[PDB]
$ cat run.pdb   # PDB, C-alpha atoms
ATOM      1  CA  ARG A   1     101.462 151.041  98.230  1.00  0.00           C
ATOM      2  CA  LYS A   2     104.826 152.720  97.533  1.00  0.00           C
ATOM      3  CA  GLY A   3     108.146 151.214  96.381  1.00  0.00           C
ATOM      4  CA  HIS A   4     111.016 152.854  94.461  1.00  0.00           C
ATOM      5  CA  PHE A   5     114.662 152.828  95.611  1.00  0.00           C
ATOM      6  CA  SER A   6     118.049 152.326  93.899  1.00  0.00           C
ATOM      7  CA  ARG A   7     119.863 148.994  93.410  1.00  0.00           C
ATOM      8  CA  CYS A   8     123.670 149.333  93.552  1.00  0.00           C
ATOM      9  CA  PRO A   9     124.864 148.351  90.072  1.00  0.00           C
ATOM     10  CA  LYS A  10     128.057 146.325  89.513  1.00  0.00           C
ATOM     11  CA  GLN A  11     129.821 149.472  88.244  1.00  0.00           C
ATOM     12  CA  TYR A  12     129.565 150.794  91.824  1.00  0.00           C
ATOM     13  CA  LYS A  13     130.188 147.535  93.722  1.00  0.00           C
ATOM     14  CA  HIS A  14     133.717 148.542  94.787  1.00  0.00           C
ATOM     15  CA  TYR A  15     132.727 148.438  98.458  1.00  0.00           C
ATOM     16  CA  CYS A  16     131.477 144.846  98.008  1.00  0.00           C
ATOM     17  CA  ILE A  17     133.009 142.511  95.395  1.00  0.00           C
ATOM     18  CA  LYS A  18     130.817 139.512  96.342  1.00  0.00           C
ATOM     19  CA  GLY A  19     127.878 141.324  97.987  1.00  0.00           C
ATOM     20  CA  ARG A  20     124.871 143.507  97.072  1.00  0.00           C
ATOM     21  CA  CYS A  21     123.946 147.005  98.309  1.00  0.00           C
ATOM     22  CA  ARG A  22     120.655 148.942  98.483  1.00  0.00           C
ATOM     23  CA  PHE A  23     120.898 152.758  98.536  1.00  0.00           C
ATOM     24  CA  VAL A  24     117.723 154.623  99.558  1.00  0.00           C
ATOM     25  CA  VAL A  25     117.730 158.226  98.265  1.00  0.00           C
ATOM     26  CA  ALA A  26     114.492 159.638  99.743  1.00  0.00           C
ATOM     27  CA  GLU A  27     115.629 158.116 103.051  1.00  0.00           C
ATOM     28  CA  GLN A  28     119.432 158.588 103.164  1.00  0.00           C
ATOM     29  CA  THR A  29     120.234 154.928 103.922  1.00  0.00           C
ATOM     30  CA  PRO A  30     123.190 153.417 102.076  1.00  0.00           C
ATOM     31  CA  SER A  31     122.799 149.775 103.177  1.00  0.00           C
ATOM     32  CA  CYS A  32     125.287 147.197 101.845  1.00  0.00           C
ATOM     33  CA  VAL A  33     124.549 143.457 102.150  1.00  0.00           C
ATOM     34  CA  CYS A  34     126.953 140.639 101.188  1.00  0.00           C
ATOM     35  CA  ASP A  35     126.671 136.926 100.318  1.00  0.00           C
ATOM     36  CA  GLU A  36     126.041 135.116 103.630  1.00  0.00           C
ATOM     37  CA  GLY A  37     128.982 132.895 102.612  1.00  0.00           C
ATOM     38  CA  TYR A  38     131.371 135.861 102.217  1.00  0.00           C
ATOM     39  CA  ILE A  39     134.308 137.179 104.294  1.00  0.00           C
ATOM     40  CA  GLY A  40     136.301 140.436 104.547  1.00  0.00           C
ATOM     41  CA  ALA A  41     135.084 144.020 105.091  1.00  0.00           C
ATOM     42  CA  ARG A  42     134.961 144.775 101.343  1.00  0.00           C
ATOM     43  CA  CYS A  43     133.651 141.253 100.640  1.00  0.00           C
ATOM     44  CA  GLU A  44     136.797 139.935  98.905  1.00  0.00           C
ATOM     45  CA  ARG A  45     137.098 136.467 100.489  1.00  0.00           C
ATOM     46  CA  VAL A  46     134.466 133.695 100.441  1.00  0.00           C
ATOM     47  CA  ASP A  47     133.567 130.840 102.817  1.00  0.00           C
ATOM     48  CA  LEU A  48     130.441 129.032 101.559  1.00  0.00           C
ATOM     49  CA  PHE A  49     131.810 125.513 102.169  1.00  0.00           C
ATOM     50  CA  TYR A  50     128.236 124.584 103.173  1.00  0.00           C
TER      51      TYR A  50
END
$ encode --input "run.pdb" --output "structure tokens"
Amino acid sequence: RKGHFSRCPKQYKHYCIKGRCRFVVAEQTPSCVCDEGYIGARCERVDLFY
């Protein structure tokens, strides 16, 4: 019954232009997800032709 982390705001989305990122403080876990239809390490290109 617990839930409280930190959602990476757009002001800190420099490591992912078109992608999201969840940073867990209590559990040092800086995870960074990106739009499935995205390309590039920093998420700068896009390929969602689908």
$ resolve_selection --input "run.pdb" --expression "the PyMOL selection byres ((chain A and resi 42) around 8)" --output "ChimeraX atom specification"
/A:14-17,40-41,43-44
$ atom_distance --input "run.pdb" --atom1 "atom CA of residue A:36" --atom2 "atom CA of residue A:19"
8.6 Å
$ residues_around --input "run.pdb" --residues "residue A:37" --least-positions-apart "5" --cutoff "7 Å" --atoms "only C-alpha atoms" --output "PDB file with C-alpha atoms, keeping the file's coordinate frame"
ATOM      1  CA  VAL A  46     134.466 133.695 100.441  1.00  0.00           C
ATOM      2  CA  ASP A  47     133.567 130.840 102.817  1.00  0.00           C
ATOM      3  CA  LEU A  48     130.441 129.032 101.559  1.00  0.00           C
TER       4      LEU A  48
END
$ residues_around --input "run.pdb" --residues "residue A:24" --least-positions-apart "2" --cutoff "12 Å" --atoms "all atoms listed in the file" --output "MDAnalysis selection string"
chainID A and resid 3:8 21:22 26:32
$ write_last_selection --input "run.pdb" --atoms "C-alpha atoms" --output "PDB file, in the coordinates of the input"
ATOM      1  CA  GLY A   3     108.146 151.214  96.381  1.00  0.00           C
ATOM      2  CA  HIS A   4     111.016 152.854  94.461  1.00  0.00           C
ATOM      3  CA  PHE A   5     114.662 152.828  95.611  1.00  0.00           C
ATOM      4  CA  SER A   6     118.049 152.326  93.899  1.00  0.00           C
ATOM      5  CA  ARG A   7     119.863 148.994  93.410  1.00  0.00           C
ATOM      6  CA  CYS A   8     123.670 149.333  93.552  1.00  0.00           C
ATOM      7  CA  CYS A  21     123.946 147.005  98.309  1.00  0.00           C
ATOM      8  CA  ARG A  22     120.655 148.942  98.483  1.00  0.00           C
ATOM      9  CA  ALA A  26     114.492 159.638  99.743  1.00  0.00           C
ATOM     10  CA  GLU A  27     115.629 158.116 103.051  1.00  0.00           C
ATOM     11  CA  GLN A  28     119.432 158.588 103.164  1.00  0.00           C
ATOM     12  CA  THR A  29     120.234 154.928 103.922  1.00  0.00           C
ATOM     13  CA  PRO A  30     123.190 153.417 102.076  1.00  0.00           C
ATOM     14  CA  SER A  31     122.799 149.775 103.177  1.00  0.00           C
ATOM     15  CA  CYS A  32     125.287 147.197 101.845  1.00  0.00           C
TER      16      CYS A  32
END
$ axis_aligned_box --input "run.pdb" --around "stretch 16-35 of chain A" --padding-each-side "4 Å" --output "lines of an AutoDock Vina configuration file"
center_x = 123.8
center_y = 148.3
center_z = 99.7
size_x = 26.5
size_y = 30.7
size_z = 16.5
$ closest_residue --input "run.pdb" --among "A:18, A:12, A:1, A:23" --to "residue A:45" --atoms "only C-alpha atoms"
A:18
$ decode --input "run.pdb" --residues "stretch 14-49 of chain A" --atoms "C-alpha atoms" --output "CSV table (one decimal), in the first residue's frame"
chain,number,residue,atom,x,y,z
A,14,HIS,CA,17.4,16.9,-21.7
A,15,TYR,CA,18.4,13.2,-21.7
A,16,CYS,CA,15.2,12.4,-23.6
A,17,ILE,CA,13.5,15.0,-25.9
A,18,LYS,CA,10.7,12.6,-26.9
A,19,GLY,CA,10.7,10.2,-24.0
A,20,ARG,CA,9.7,10.0,-20.3
A,21,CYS,CA,11.8,9.2,-17.2
A,22,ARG,CA,11.0,7.9,-13.7
A,23,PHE,CA,13.6,8.7,-11.0
A,24,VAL,CA,13.2,6.7,-7.7
A,25,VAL,CA,14.9,8.5,-4.8
A,26,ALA,CA,14.4,6.0,-1.9
A,27,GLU,CA,15.6,3.3,-4.3
A,28,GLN,CA,18.4,5.0,-6.4
A,29,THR,CA,17.0,4.0,-9.8
A,30,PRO,CA,17.1,6.7,-12.5
A,31,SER,CA,15.0,4.9,-15.2
A,32,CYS,CA,14.4,6.7,-18.5
A,33,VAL,CA,11.8,5.4,-20.9
A,34,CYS,CA,11.1,6.8,-24.4
A,35,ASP,CA,8.2,6.8,-26.9
A,36,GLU,CA,8.2,3.3,-28.4
A,37,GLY,CA,8.2,5.1,-31.8
A,38,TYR,CA,11.4,7.0,-31.0
A,39,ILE,CA,15.0,6.8,-32.2
A,40,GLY,CA,18.4,8.0,-31.0
A,41,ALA,CA,20.1,7.6,-27.6
A,42,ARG,CA,18.8,11.0,-26.4
A,43,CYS,CA,15.5,10.4,-28.1
A,44,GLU,CA,15.9,13.1,-30.8
A,45,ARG,CA,14.6,11.2,-33.9
A,46,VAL,CA,11.2,9.6,-34.3
A,47,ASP,CA,9.9,6.6,-36.3
A,48,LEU,CA,6.2,6.0,-35.5
A,49,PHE,CA,5.2,5.4,-39.1
